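Here is the structure we will look at, set down as structure tokens.
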DNA sequence: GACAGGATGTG
DNA sequence: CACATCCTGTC
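Structure below.
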């Protein structure tokens, strides 16, 4: 219902349901996560925001904007792996 | 292709 | 603001 949802909140919600482990999962105990099925998560993000043409190219650009915002960072050298900068703070928020 | 980040546009 | 879209470049 809430269409104001942000990408990081949405990704947090996906990682919270173990039934989504197939496409996105935690890869550390400190906030690192991997987009196992990147195009699949991008598809879900588009449906959520009603942007039918959403894909990883664009979902990843949205994640790149987080770097300076200190919300999410890239885990260098690790394909599709990013990290929530302030974890678990963002969780209990 | 994945990834970085600038340019322009939208609500 | 918070992306969505498109693009130049690197590797």
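Residue numbers (the entry's author numbering): 1 to 93. Each residue gets a CB set at the ideal place from its N, CA and C atoms; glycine is no exception.
Endpoints, beta strand (DSSP E) assigned at residue i
{"i": "residue 72", "result": "72-74"}
{"i": "residue 33", "result": "32-35"}
{"i": "residue 82", "result": "81-84"}
Proximity of residue i and residue j at Cβ, strictly below 8 Å
{"i": "residue 84", "j": "residue 72", "result": "yes"}
{"i": "residue 48", "j": "residue 5", "result": "yes"}
{"i": "residue 31", "j": "residue 66", "result": "no"}
{"i": "residue 11", "j": "residue 23", "result": "no"}
Proximity test, residue i beta-carbon vs the ligand NAD heavy atom, cut-off 7 Å
{"i": "residue 39", "result": "The ligand NAD is not part of this structure, which contains no ligands at all."}
Residues that DSSP places opposite residue i in a beta bridge
{"i": "residue 26", "result": "33"}
Separation of residue j from residue i, as counted between CA atoms
{"i": "residue 64", "j": "residue 34", "result": "15 Å"}
{"i": "residue 25", "j": "residue 8", "result": "14 Å"}
{"i": "residue 56", "j": "residue 42", "result": "5 Å"}
{"i": "residue 54", "j": "residue 75", "result": "23 Å"}
{"i": "residue 29", "j": "residue 61", "result": "25 Å"}
{"i": "residue 93", "j": "residue 17", "result": "17 Å"}
{"i": "residue 21", "j": "residue 13", "result": "12 Å"}
{"i": "residue 39", "j": "residue 2", "result": "23 Å"}
Where the alpha helix (DSSP H) through residue i begins and ends
{"i": "residue 47", "result": "38-49"}
{"i": "residue 11", "result": "7-16"}
{"i": "residue 67", "result": "66-69"}
With 16 other Cβ atoms within 10 Å as the buried cut-off, status of residue i
{"i": "residue 68", "result": "exposed"}
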